[PDB]
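J.: need coordinates for the below:
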Amino acid sequence: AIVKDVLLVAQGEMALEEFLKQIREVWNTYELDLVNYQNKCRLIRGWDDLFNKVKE
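T.: Numbering: from 1, shown residues only. Let me share the structure:
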């Protein structure tokens, strides 16, 4: 019973750690979408997607 509860706690901790690792992977592979603007600058695109990801 105690060992089963310890294993359940470890499983929950592993689930939380896996979710944090997934978030880390998303936020170190995520990059800004740059679009050229009349051969002067590269402006950022993807505002709704970036804001939705941050909010989620």
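
J.: following element in sequence after the helix ranked longest in the chain, please.
T.: Determined from DSSP state H, the single longest helix within the chain is helix 2-29. Downstream of helix 2-29, the next assigned helix or strand under DSSP states H and E is strand 33-37.

J.: what's the next helix-or-strand element following that following strand packed up against?
T.: As assigned by DSSP H and E, the chain's next helix or strand after strand 33-37 is strand 41-45. Secondary-structure packing of strand 41-45 (3 or more CB pairs under 8 Å, 6 or more residues apart in numbering; DSSP states H and E): strand 33-37. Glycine gets a C-beta too; all of them are placed from N, C-alpha and C.

J.: direction included, what does the strand it packs on pair against?
T.: Taking DSSP bridges as the criterion, strand 33-37 forms sheet pairs with strand 41-45 (antiparallel).

J.: give me the distance from the partner strand to the chain's centre.
T.: When distances are taken as CA atoms, centre = their mean, to the nearest Å, strand 41-45 is centred 22 Å away from the chain's centroid.

J.: what angle sits between whatever helix or strand comes next after that strand and helix 2-29?
T.: Downstream of strand 41-45, the first helix or strand assigned by DSSP H and E is helix 47-55. Counting by axes from the mean of the first three to the mean of the last three CA atoms, to 10 degrees, helix 47-55 lies at 150 degrees to helix 2-29.
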